[PDB]
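Trainee: Got a structure for you, written out below as structure tokens; questions coming shortly.
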Amino acid sequence: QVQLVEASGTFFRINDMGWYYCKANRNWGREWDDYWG
Amino acid sequence: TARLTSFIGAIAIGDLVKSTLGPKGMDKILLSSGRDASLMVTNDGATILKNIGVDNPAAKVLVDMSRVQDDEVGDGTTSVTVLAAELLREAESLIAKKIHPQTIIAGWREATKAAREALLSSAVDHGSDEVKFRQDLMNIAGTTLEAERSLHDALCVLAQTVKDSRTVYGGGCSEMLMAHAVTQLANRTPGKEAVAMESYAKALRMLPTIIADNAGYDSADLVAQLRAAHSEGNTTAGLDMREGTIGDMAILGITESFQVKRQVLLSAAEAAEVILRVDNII
Amino acid sequence: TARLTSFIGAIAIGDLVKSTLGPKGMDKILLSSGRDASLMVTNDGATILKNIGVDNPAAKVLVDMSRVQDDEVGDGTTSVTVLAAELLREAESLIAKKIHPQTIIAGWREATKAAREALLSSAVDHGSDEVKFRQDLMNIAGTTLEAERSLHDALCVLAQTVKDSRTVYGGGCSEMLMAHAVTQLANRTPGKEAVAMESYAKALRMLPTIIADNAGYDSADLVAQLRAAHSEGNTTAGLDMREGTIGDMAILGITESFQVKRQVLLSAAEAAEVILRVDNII
Amino acid sequence: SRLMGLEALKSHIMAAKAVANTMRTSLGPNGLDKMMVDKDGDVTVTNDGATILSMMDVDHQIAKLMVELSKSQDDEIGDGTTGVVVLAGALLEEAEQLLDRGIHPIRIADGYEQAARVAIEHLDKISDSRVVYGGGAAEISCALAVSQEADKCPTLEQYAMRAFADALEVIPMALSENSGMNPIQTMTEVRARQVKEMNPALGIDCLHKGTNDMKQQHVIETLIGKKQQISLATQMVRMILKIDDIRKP
Amino acid sequence: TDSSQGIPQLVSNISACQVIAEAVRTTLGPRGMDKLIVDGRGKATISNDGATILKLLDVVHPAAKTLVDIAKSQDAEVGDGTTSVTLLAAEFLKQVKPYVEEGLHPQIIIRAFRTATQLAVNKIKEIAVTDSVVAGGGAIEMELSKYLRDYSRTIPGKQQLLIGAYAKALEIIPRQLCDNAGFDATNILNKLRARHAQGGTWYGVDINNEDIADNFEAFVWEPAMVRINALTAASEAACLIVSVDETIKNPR
Amino acid sequence: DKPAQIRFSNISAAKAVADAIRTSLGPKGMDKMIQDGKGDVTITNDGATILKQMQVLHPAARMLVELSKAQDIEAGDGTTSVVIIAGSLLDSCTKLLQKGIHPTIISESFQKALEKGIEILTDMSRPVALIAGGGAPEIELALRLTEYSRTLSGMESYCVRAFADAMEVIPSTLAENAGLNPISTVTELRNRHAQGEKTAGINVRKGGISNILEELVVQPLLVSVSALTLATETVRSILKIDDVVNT
Amino acid sequence: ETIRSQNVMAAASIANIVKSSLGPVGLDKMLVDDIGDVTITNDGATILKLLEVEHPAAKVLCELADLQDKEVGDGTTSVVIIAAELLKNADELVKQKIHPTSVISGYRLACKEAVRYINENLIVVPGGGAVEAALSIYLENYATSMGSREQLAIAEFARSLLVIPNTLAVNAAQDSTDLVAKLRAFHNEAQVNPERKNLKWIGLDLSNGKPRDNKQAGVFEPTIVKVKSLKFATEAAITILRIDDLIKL
Ligand SMILES: Nc1ncnc2c1ncn2[C@@H]1O[C@H](COP(=O)(O)OP(=O)(O)O)[C@@H](O)[C@H]1O
Ligand SMILES: Nc1ncnc2c1ncn2[C@@H]1O[C@H](COP(=O)(O)OP(=O)(O)O)[C@@H](O)[C@H]1O
Ligand SMILES: Nc1ncnc2c1ncn2[C@@H]1O[C@H](COP(=O)(O)OP(=O)(O)O)[C@@H](O)[C@H]1O
Ligand SMILES: Nc1ncnc2c1ncn2[C@@H]1O[C@H](COP(=O)(O)OP(=O)(O)O)[C@@H](O)[C@H]1O
Ligand SMILES: Nc1ncnc2c1ncn2[C@@H]1O[C@H](COP(=O)(O)OP(=O)(O)O)[C@@H](O)[C@H]1O
Ligand SMILES: Nc1ncnc2c1ncn2[C@@H]1O[C@H](COP(=O)(O)OP(=O)(O)O)[C@@H](O)[C@H]1O
Ligand SMILES: [Mg+2]
Ligand SMILES: [Mg+2]
Ligand SMILES: [Mg+2]
Ligand SMILES: [Mg+2]
Ligand SMILES: [Mg+2]
Ligand SMILES: [Mg+2]
């Protein structure tokens with residue numbers, strides 16, 4: 001789905017980018033989309 | 001596509017029912033049959049609609065909406081046909097100036113809202129004090145009068161008046177007042193909906209113009225005098241159809257039942273809209 | 001009799017000089033000769049009048065009145081031709097509605113009085129404080145710019161500005177303001193002279209309509225936004241001919257010399273009247 | 001055999017462009033109605049299908065083919081049957097200018113097939129409930145997708161991939177029309193916004209509510225109710241774009 | 001049209017057969033343009049098969065009628081190859097019109113569609129491979145053409161430019177196979193001819209991609225017997241329409 | 001009324017002075033017999049003279065003929081590609097006008113594209129500077145402007161795309177005159193440009209596309225930049241022209 | 001119709017005018033003057049310097065024919081015939097979407113690979129119809145072993161070179177198809193069979209109706225006449241092909 005390097009994949013958008021691990025909310029985030037490092 | 005086939009039929013059904021509008025309205029003679037050759041002369045405006053053969057399909061939406069105003073109200077059958085046809089005659093102009101029929105409708109909706117909100121504030125509920133109520137009913141019965149036919153019409157109007165005791169003046173006071181309030185609104189709306197509300201107002205001022213064009217008076221002058229009287233605070237002026245001037249419609253005893261006038265406005269605007277949002281006739 | 005032979009010539013001389021009105025005005029190409037075949041493209045509005053062969057006799061009263069505005073003022077040669085032709089285009093309508101050409105004139109006289117009395121109150125005399133005066137002159141020189149021809153025009157306008165330091169905004173502010181004041185007058189005059197002042201106003205609102213129709217914008221919408229801004233107290237709105245919206249003509253630095261605008265109005269109304277009171281061409 | 005060939009696909013397209021141009025003025029909520037008038041009837045309806053399509057248009061046996069194929073959309077996949085006639089009309093109207101260049105109809109059909117594969121391959125990226133957000137916004141997120149992949153095709157299909165992009169933007173151009181808006185200006189001013197800020201939910205506000213963001217206006221389209229429009233229209237073009245003759249004894 | 005007797009009648013029959021083939025040509029191939037033929041009941045029939053178009057078509061011309069009967073006869077017993085037969089027949093007729101406008105005479109054109117056709121079925125029965133199969137999608141009409149012209153070069157007499165026109169009239173099956181897919185025939189056919197000159201007796205038009213492809217390896221196969229029957233039926237239809245001199249329409 | 005017929009009596013009199021010079025473009029350019037009024041007929045394949053002696057008589061036709069003169073006094077050898085450009089830009093303006101957008105928007109969006117075109121034809125360039133001729137400076141224009149018309153808003157990103165699509169005419173005529181299939185080779189050229197190759201273009205001697213620049217003619221920028229500039233100037237001048245008035 | 005077929009028809013007309021007076025035995029023509037002074041003559045070398053040709057294509061053909069005549073005073077009536085036959089076949093080619101340039105490249109290749117094989121027929125050239133009927137087969141074999149967009153313009157340069165043997169046999173009352181095809185059946189077993197390599201001198205006989213060996217019968221023709229004729233007919237066909245429009249002033 002989403003490969004993240006510390007981002008790429010089947011994404012049309014990047015809503016928020018944070019550091020936890022690097023977190024990126026890819027699509028409209030309904031808690032279904034959640035990608036970390 | 002029918003931007004004319006569905007508009008000239010409407011303005012024709014409301015172009016032959018006019019000239020019978022005011023008190024001194026012309027007549028029409030109904031050559032009906034070919035063998036039982038019958039001549040009946042009609043100063044009425046509803047008989048010329050329940051009798052003629054409607055050929056155009058858009059015209060049906062007016063001829064079958066006048067029955068509503070006639071069998072569910074009584075008086076106000078030639079004013080919701082003529083108002084609808086002079087709304088659909090200014091529509092034709094706006095749609096020829098490349099304005100979309102879906103902005104004219106959105107404009108006329110706010111226009112009829114500001115108009116219904118305008119003759120409501122000017123209604124007088126004299127039904128409380130029954131010494132004037134007796135008087136008012138006589139004015140509303142005189143502004144409504146084959147004999148028993150007209151009498152039944154007057155009875156329906158009077159019944160609606162006793163139910164809703166609010167009364168608004170007639171002869172041009174109500175139409176000119178609503179047109180003034182619609183122009184006062186169209187002077188404050190930014191967008192193409194202002195050319196539609198000004199057009200709505202120009203259509204409302206066509207009822208007194210036709211009431212004067214039927215008594216020989218100088219309508220282009222009396223209607224301007226009304227528009228000025230109704231634009232400098234005075235709100236009770238109106239055609240004095242006894243000497244061809246403008247008179248106080250309160251001291252002259254020319255009143256109409258608020259329900260009849262509001263339903264005339266509503267049915268006219270609704271029919272004009274229903275015939276507006278029609279491209280093709282299948 | 002000439003109610004058309006002496007009106008369509010005028011609206012034609014002012015129907016080919018338009019579309020070159022605003023900043024982003026179209027051009028015209030003058031095929032002049034047959035042997036010395038010459039092609040000159042003109043974004044100007046005065047060259048298309050001092051060059052064309054005027055055939056209609058009524059048209060002469062416009063083509064020889066534009067020279068006045070061009071050799072005695074400088075700027076304001078396409079706006080007193082287009083204003084006169086859209087006054088004589090609404091005249092044709094009023095004279096087709098059976099209104100006499102001697103009431104249209106009496107109406108337009110009070111209309112131009114109430115208009116000249118309207119951009120006079122809105123003029124700003126910043127010529128006193130010469131720190132803005134230096135700025136104003138730059139705006140008036142930018143709203144006025146073959147090179148030395150346009151430069152001489154700008155010089156005449158600037159000279160008239162230093163003589164009469166009153167400046168009124170442009171792009172539509174002045175025309176829309178005068179039209180608002182004329183409508184505010186036409187809503188208070190009883191008589192057939194009101195249908196003439198409303199027509200005068202509709203003719204004044206045709207200059208910003210043509211300035212927008214030349215830049216591709218939605219004139220039927222921008223002009224309505226202007227009429228609403230100028231009708232709810234704001235008095236400095238106007239076409240912002242850089243992004244197709246309405247902007248404050250004060251913070252945008254689009255001003256015009258009050259003398260040029262008032263003389264445009266006066267010459268336009270005077271020519272329209274001089275071509276109105278003409279029945280026959282001998 | 002009268003009028004057969006590449007001059008029979010300018011008549012078949014003039015025929016399937018009439019049943020579409022009538023249905024082009026009824027898409028949005030602000031869809032202008034039509035009057036049903038036959039030997040007996042005065043119905044005023046703006047909906048689709050039997051209410052509009054299959055009570056008219058007996059001509060060229062191809063309008064009868066559009067109305068014959070649109071029965072598959074309604075009764076069967078919700079009620080989205082006006083968007084498939086308008087989309088088919090747009091695809092054929094672009095094929096009209098693709099044929100003038102000299103592209104064999106089969107090639108245009110393969111191009112539309114590839115572009116529909118790309119579009120349906122892009123709609124399923126925007127399932128947000130099962131659901132693709134947008135009144136006029138789903139057809140602008142795909143037109144942007146099949147325009148990029150167009151230039152990655154080296155054959156003549158590339159032209160068809162671009163015509164499919166240019167025709168997918170007709171749904172959010174009859175939504176701009178049928179209202180008091182300008183079709184091109186409004187369609188583009190929201191197409192340039194799905195790029196330069198990634199939000200495929202931005203679409204035409206047919207209702208003048210004010211926000212050009214169909215995510216909050218809550219105007220939605222069921223996904224299988226859009227995977228059909230993009231498919232049933234292409235499967236309708238590829239049946240009208242490939243028949244070469246109408247013989248009538 | 002004259003259509004009186006001799007050259008005029010033959011040209012008329014040839015034009016009628018051209019029309020009846022042109023009404024089916026685009027249907028040839030796996031993916032071919034459909035046809036919307038409507039009967040007298042208002043039914044819309046979309047069918048991309050030459051058999052079901054000739055059985056639903058009004059044949060009111062005699063030569064066209066005979067061609068359509070031979071095509072239906074091929075469709076009845078064999079099945080496959082009812083539009084390739086009429087295509088080959090009308091092409092054989094089209095490519096001898098320029099020679100029948102002179103006084104070449106049909107009796108001689110008939111002793112060119114029977115020697116050449118016998119030789120071509122011999123070549124098929126000699127080159128077929130195993131039930132016996134030959135590579136379709138062209139790759140035969142592009143080989144039988146190369147063989148027939150290379151053999152006609154060794155014929156002293158009038159049959160040289162008639163077999164050489166019989167051969168050239170076989171290139172239509174590998175032509176409209178790619179003209180229906182829209183593949184710029186004058187290039188794929190040039191490649192096929194160049195590739196059949198050197199070698200490649202099974203190289204024919206490919207439909208998945210605009211290029212020649214060895215059709216035997218690609219398993220696009222055609223039964224040798226079916227090809228022989230189609231060739232013989234097409235040649236016999238040609239000879240029939242070439243052997244017709246007048247149309248004796250009974251007055252009543 | 002008159003505007004919408006004098007923007008289509010010029011765009012149909014300039015688009016008929018381009019489809020009389022079009023198939024004379026390139027090394028393998030078809031000749032064109034020229035029938036003089038006396039009667040003798042001469043044969044030339046250069047568009048300069050055909051325009052020189054043509055008896056155009058139309059305002060826009062003359063505007064386009066005086067464009068060849070300006071182009072050969074400014075760059076020397078562009079005298080039939082600039083006319084083809086400024087006739088296909090007007091072809092595109094014929095469809096952009098039926099849509100209903102105003103000529104003062106297809107005149108401020110061409111200069112919005114020409115200024116980007118200037119910055120596309122100065123990146124291909126090999127700084128000596130020279131640009132890879134043959135069709136590259138136009139397929140690259142089409143591709144890059146179509147990519148750039150997707151970042152533009154309003155009526156702007158509808159005429160810039162028409163600019164790009166009208167650039168694909170000189171490659172089409174060069175491919176036709178070279179005996180190729182124009183549409184197929186133009187699509188292959190665009191697919192070869194998107195993949196990075198900027199030197200591509202119709203090699204007319206071989207008879208097909210080529211990347212090696214040794215036998216791929218290279219031209220100065222001045223000719224291509226001048227062609228774009230003068231063609232955009234001329235189409236802007238023709239679009240903003242209505243009402244041919246006789247004085 | 002286009003103005004390329006008109007040029008082809010003009011060249012064909014002047015051909016048909018000259019082509020019945022080709023061989024040693026050939027009928028005459030009468031050239032009516034302005035006053036009416038008639039000159040009856042064969043030997044088209046004069047029929048081309050006296051014919052009233054007004055069409056531009058016929059004019060260019062006459063100019064190149066006279067250029068050839070003054071270069072070498074022989075083979076000027078065969079240049080016109082070969083050129084008009086090249087033009088006929090090139091028009092038939094162009095009328096099936098073969099650009100005139102591909103046909104011109106094909107004619108260049110053929111005229112360049114024909115004089116590089118006439119130098120395998122030279123000793124002088126056998127003459128009669130030998131070189132033509134030999135180049136026919138050689139070029140029909142060389143075309144297929146190339147496979148380019150111009151592989152069809154060399155096989156219409158090989159079947160259009162046998163217009164000389166095909167009009168040298170109607171001007172001898174023998175035949176058109178039979179005699180030329182016996183000629184093109186002897187030259188086949190001179191490029192297929194290596195033993196019978198001396199069958200490449202077998203031209204045709206204009207006295208009897210049967211092809212004979214034009215080396216054992218002394219009917220030679222100088223090589224620089226046949227080469228010049230093929231090289232001028234090719235340039236004539238090319239010059240009339242590269243025009244595609246007539247500009248009216
Ligand atoms: N005496 C009167 N003076 C002035 N106006 C009148 C008088 N009587 C009727 N009217 C006006 O004439 C209009 C037409 O009414 P009428 O024709 O009687 O019935 P309907 O309302 O059905 O047309 C009404 O709007 C009313 O205001
Ligand atoms: N930059 C600008 N922005 C808005 N309006 C302008 C601008 N420049 C000129 N105008 C308007 O264009 C109108 C036409 O002026 P112009 O054609 O330049 O000379 P003339 O006044 O002789 O027609 C003027 O009324 C002016 O208000
Ligand atoms: N409130 C709305 N705002 C914007 N677009 C809408 C709205 N409601 C529906 N649409 C759009 O209208 C189109 C559907 O047209 P419709 O009349 O429903 O056709 P059908 O007859 O096929 O149901 C779709 O593109 C849909 O996205
Ligand atoms: N997959 C394929 N690839 C290439 N050619 C094919 C293919 N399938 C069929 N063909 C060719 O198409 C021709 C026509 O066959 P078709 O029209 O399908 O049936 P029929 O042989 O009855 O006409 C045949 O000669 C065959 O060689
Ligand atoms: N060797 C070549 N290969 C490909 N294209 C060429 C070649 N030489 C010139 N061109 C093209 O020809 C066009 C120049 O026009 P041209 O026909 O040379 O004008 P003129 O008619 O004055 O000769 C340009 O598009 C250029 O790319
Ligand atoms: N005696 C002959 N027998 C056979 N062929 C001949 C004879 N004389 C001439 N020919 C052929 O006729 C052809 C045409 O020659 P002709 O038209 O008479 O003069 P030109 O050489 O000027 O064309 C020549 O190519 C030649 O080979
Ligand atoms: Mg009443
Ligand atoms: Mg100025
Ligand atoms: Mg729906
Ligand atoms: Mg089969
Ligand atoms: Mg050059
Ligand atoms: Mg000789």
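Letters A, B, ... mark the chains of the structure tokens in the order given; residue numbers begin at 1 per chain; ligand numbers begin at 1, in order shown.
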Find the residues near ligand 1. Use a cut-off of 7 Å, count only C-alpha atoms and all ligand atoms, and write them as a list in words.
Mentor: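 What falls inside 7 Å of ligand 1 is residues 20, 21, 22, 23, 45, 75, 76, 77, 78, 79, 142, 143, 144, 145, 170, 171, 172, 211, 239, 240, 241, 254 and 256 of chain B.
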Trainee: Can you spit out the residues from that selection as a compact mmCIF listing (two decimals), in the first residue's frame, using C-alpha atoms?
Mentor:
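Below is the file selection-v8.txt, written as the result:
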```txt
# COMPACT_ATOMS: atom_id res chain seq x y z
CA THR B 20 -61.59 41.58 -19.90
CA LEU B 21 -59.70 42.26 -16.69
CA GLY B 22 -60.91 45.49 -15.10
CA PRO B 23 -64.47 46.56 -14.37
CA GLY B 45 -62.63 35.50 -18.02
CA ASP B 75 -62.61 35.36 -8.02
CA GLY B 76 -59.14 35.72 -9.44
CA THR B 77 -59.32 33.70 -12.63
CA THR B 78 -58.30 36.36 -15.15
CA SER B 79 -55.55 37.79 -12.95
CA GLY B 142 -68.80 45.01 -5.06
CA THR B 143 -65.25 44.32 -6.26
CA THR B 144 -66.43 40.82 -7.28
CA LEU B 145 -69.65 41.40 -9.25
CA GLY B 170 -57.54 46.49 -5.02
CA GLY B 171 -57.68 48.25 -8.36
CA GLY B 172 -53.90 48.48 -8.41
CA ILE B 211 -57.08 47.61 -16.06
CA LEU B 239 -57.01 53.35 -10.16
CA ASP B 240 -60.26 55.23 -9.56
CA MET B 241 -62.30 53.61 -12.31
CA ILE B 254 -62.32 49.07 -3.11
CA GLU B 256 -60.13 42.56 -1.84
```
Trainee: As a PyMOL selection string, please: all residues of region 69-182 of chain G that backbone DSSP puts in alpha helix (DSSP H).
Mentor: chain G and resi 69-71+77-94+100-114+130-144+155-158+164-167+177-182
Trainee: Pick out the chain F residues within 10 Å of chain D. Count only C-alpha atoms. Give them as number ranges by chain.
Mentor: F: 99-101, 143, 146-147, 149-158, 182-195
Trainee: Just write the chosen residues, C-alpha atoms, as an mmCIF file, in the first residue's frame.
Mentor:
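Done, and the output landed in selection_29.cif:
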```cif
data_model
loop_
_atom_site.group_PDB
_atom_site.id
_atom_site.type_symbol
_atom_site.label_atom_id
_atom_site.label_comp_id
_atom_site.auth_asym_id
_atom_site.auth_seq_id
_atom_site.Cartn_x
_atom_site.Cartn_y
_atom_site.Cartn_z
ATOM 1 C CA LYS F 99 -17.679 27.124 -27.056
ATOM 2 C CA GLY F 100 -18.590 30.735 -26.344
ATOM 3 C CA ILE F 101 -15.485 32.311 -24.821
ATOM 4 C CA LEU F 143 3.472 17.998 -24.623
ATOM 5 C CA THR F 146 -0.583 20.255 -22.187
ATOM 6 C CA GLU F 147 1.264 19.348 -18.990
ATOM 7 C CA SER F 149 -2.404 23.600 -19.054
ATOM 8 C CA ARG F 150 -3.301 21.269 -16.183
ATOM 9 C CA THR F 151 -1.807 23.699 -13.640
ATOM 10 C CA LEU F 152 -3.720 26.695 -15.031
ATOM 11 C CA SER F 153 -7.198 27.847 -14.046
ATOM 12 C CA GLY F 154 -10.256 29.455 -15.583
ATOM 13 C CA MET F 155 -10.751 29.928 -19.299
ATOM 14 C CA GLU F 156 -6.947 30.125 -19.484
ATOM 15 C CA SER F 157 -6.361 26.381 -19.253
ATOM 16 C CA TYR F 158 -8.668 25.769 -22.190
ATOM 17 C CA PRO F 182 0.936 11.202 -39.509
ATOM 18 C CA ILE F 183 -1.242 10.286 -36.523
ATOM 19 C CA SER F 184 0.653 7.130 -35.581
ATOM 20 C CA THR F 185 4.069 8.754 -35.843
ATOM 21 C CA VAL F 186 2.936 11.861 -33.951
ATOM 22 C CA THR F 187 1.636 9.676 -31.124
ATOM 23 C CA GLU F 188 4.911 7.751 -31.124
ATOM 24 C CA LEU F 189 6.801 11.052 -31.065
ATOM 25 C CA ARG F 190 4.800 12.272 -28.066
ATOM 26 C CA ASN F 191 5.299 8.937 -26.300
ATOM 27 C CA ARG F 192 9.028 9.243 -27.010
ATOM 28 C CA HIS F 193 9.116 12.797 -25.664
ATOM 29 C CA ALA F 194 7.261 11.991 -22.442
ATOM 30 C CA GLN F 195 9.861 9.264 -21.825
#
```
Trainee: Kindly compile the residues surrounding ligand 9 within 12 Å, counting only C-alpha atoms and all ligand atoms, and format them as number ranges by chain.
Mentor: D: 26-29, 31, 46-49, 73-74, 77-84, 135, 219-222, 225-226, 229
Trainee: Distance cut-off 6 Å, counting only C-alpha atoms - which residues of chain D neighbour chain B? Return them as a PDB file with C-alpha atoms, in the first residue's frame.
Mentor:
```pdb
ATOM      1  CA  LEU D  32     -35.022  21.604 -16.482  1.00  0.00           C
ATOM      2  CA  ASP D  33     -38.080  19.425 -17.011  1.00  0.00           C
ATOM      3  CA  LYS D  34     -39.702  18.148 -20.190  1.00  0.00           C
ATOM      4  CA  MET D  35     -43.371  17.794 -21.066  1.00  0.00           C
ATOM      5  CA  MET D  36     -44.784  14.349 -21.835  1.00  0.00           C
ATOM      6  CA  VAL D  37     -47.335  14.824 -24.619  1.00  0.00           C
ATOM      7  CA  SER D 179     -27.650  26.516 -13.424  1.00  0.00           C
ATOM      8  CA  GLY D 180     -26.671  30.157 -13.708  1.00  0.00           C
TER       9      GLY D 180
END
```
Trainee: Counting only C-alpha atoms, collect the residues of chain F whose closest atom lies at most 9 Å from chain G, and write them out as a PyMOL selection string.
Mentor: chain F and resi 20+23+28-37+40-45+50+53-56+176-180
Trainee: Identify all chain C residues at most 10 Å from chain B by counting only C-alpha atoms; ligands do not count. Present them as a PyMOL selection string.
Mentor: chain C and resi 97-99+180+184-195+218-232
Trainee: For chain E against chain D, which residues fall within 12 Å using only C-alpha atoms, given as a PyMOL selection string?
Mentor: chain E and resi 19-27+31-48+53-54+56-60+178-184+207-210
Trainee: Excluding residue 260 (chain C) and any residue of its chain fewer than 6 positions from it, enumerate the residues within 9 Å of it, using only C-alpha atoms, and give them as a ChimeraX atom specification.
Mentor: /C:69,73-76,157,160-161
Trainee: Residues within 7 Å of ligand 5 (only C-alpha atoms and all ligand atoms), as a PyMOL selection string?
Mentor: chain F and resi 24-27+45-48+77-81+133-135+170+174+202-204+216-217
Trainee: When you get a sec, could you note down which chain E residues fall within 7 Å of chain G, using only C-alpha atoms, as a ChimeraX atom specification?
Mentor: /E:153-158,160,187,190-191,193-194,197
Trainee: Neighbours of ligand 10 within 7 Å, counting only C-alpha atoms and all ligand atoms, as number ranges by chain?
Mentor: E: 79-82
Trainee: Determine which residues of region 11-89 of chain C receive a DSSP assignment of strand (DSSP E or B), computed from the backbone, and state them as a PyMOL selection string.
Mentor: chain C and resi 27-31+41-42
Trainee: Please identify every polymer residue within 7 Å of ligand 4, using only C-alpha atoms and all ligand atoms, and present the set as a VMD selection string.
Mentor: chain E and resid 27 to 30 49 to 50 79 to 84 136 to 138 173 177 205 to 207 220 222
Trainee: Which residues form the shell of 6 Å around ligand 6 when you count only C-alpha atoms and all ligand atoms, given as a short mmCIF file (atom, residue, chain, number, x, y, z; two decimals) with N, CA and C atoms, in the first residue's frame?
Mentor:
```cif
data_model
loop_
_atom_site.label_atom_id
_atom_site.label_comp_id
_atom_site.auth_asym_id
_atom_site.auth_seq_id
_atom_site.Cartn_x
_atom_site.Cartn_y
_atom_site.Cartn_z
N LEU G 22 5.16 4.13 -82.56
CA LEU G 22 6.41 3.90 -81.86
C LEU G 22 7.41 3.12 -82.71
N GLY G 23 7.08 1.88 -83.06
CA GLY G 23 8.06 0.99 -83.62
C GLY G 23 8.51 1.41 -85.01
N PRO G 24 9.38 0.59 -85.61
CA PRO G 24 9.77 0.84 -87.00
C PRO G 24 8.58 0.84 -87.94
N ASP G 74 17.73 10.01 -79.93
CA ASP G 74 16.94 8.80 -80.08
C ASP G 74 16.24 8.50 -78.77
N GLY G 75 15.16 7.74 -78.86
CA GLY G 75 14.43 7.34 -77.67
C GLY G 75 13.65 8.46 -77.02
N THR G 76 13.09 9.37 -77.80
CA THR G 76 12.29 10.46 -77.25
C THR G 76 10.80 10.18 -77.29
N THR G 77 10.35 9.25 -78.12
CA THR G 77 8.95 8.84 -78.12
C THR G 77 8.67 7.70 -77.16
N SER G 78 9.70 7.02 -76.67
CA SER G 78 9.53 6.01 -75.64
C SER G 78 9.59 6.62 -74.25
N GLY G 127 17.76 -4.64 -77.28
CA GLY G 127 16.73 -3.90 -77.97
C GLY G 127 15.51 -4.75 -78.24
N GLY G 128 14.63 -4.21 -79.07
CA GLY G 128 13.34 -4.84 -79.28
C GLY G 128 12.46 -4.61 -78.07
N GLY G 129 12.22 -5.67 -77.31
CA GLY G 129 11.54 -5.53 -76.04
C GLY G 129 12.24 -6.37 -74.99
N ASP G 205 9.94 -10.03 -82.24
CA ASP G 205 10.10 -9.80 -83.67
C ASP G 205 8.87 -9.07 -84.19
N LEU G 206 9.10 -7.99 -84.95
CA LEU G 206 8.01 -7.20 -85.49
C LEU G 206 7.59 -7.63 -86.89
N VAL G 219 19.49 -6.49 -83.59
CA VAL G 219 18.48 -5.45 -83.45
C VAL G 219 18.89 -4.64 -82.22
N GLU G 221 20.41 -1.79 -79.58
CA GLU G 221 20.16 -0.39 -79.34
C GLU G 221 21.23 0.08 -78.38
#
```
Trainee: Find the residues near residue 231 (chain F): any atom within 7 Å, counting only C-alpha atoms, skip ones fewer than 3 places away on the same chain, and give them as a PyMOL selection string.
Mentor: chain F and resi 82+85-86+227-228+234-235
Trainee: What's the 8 Å shell around residue 135 (chain E), counting only C-alpha atoms, without same-chain residues fewer than 2 positions away, as a VMD selection string?
Mentor: chain E and resid 133 137 to 140 202 to 204 215 to 216 219 to 222
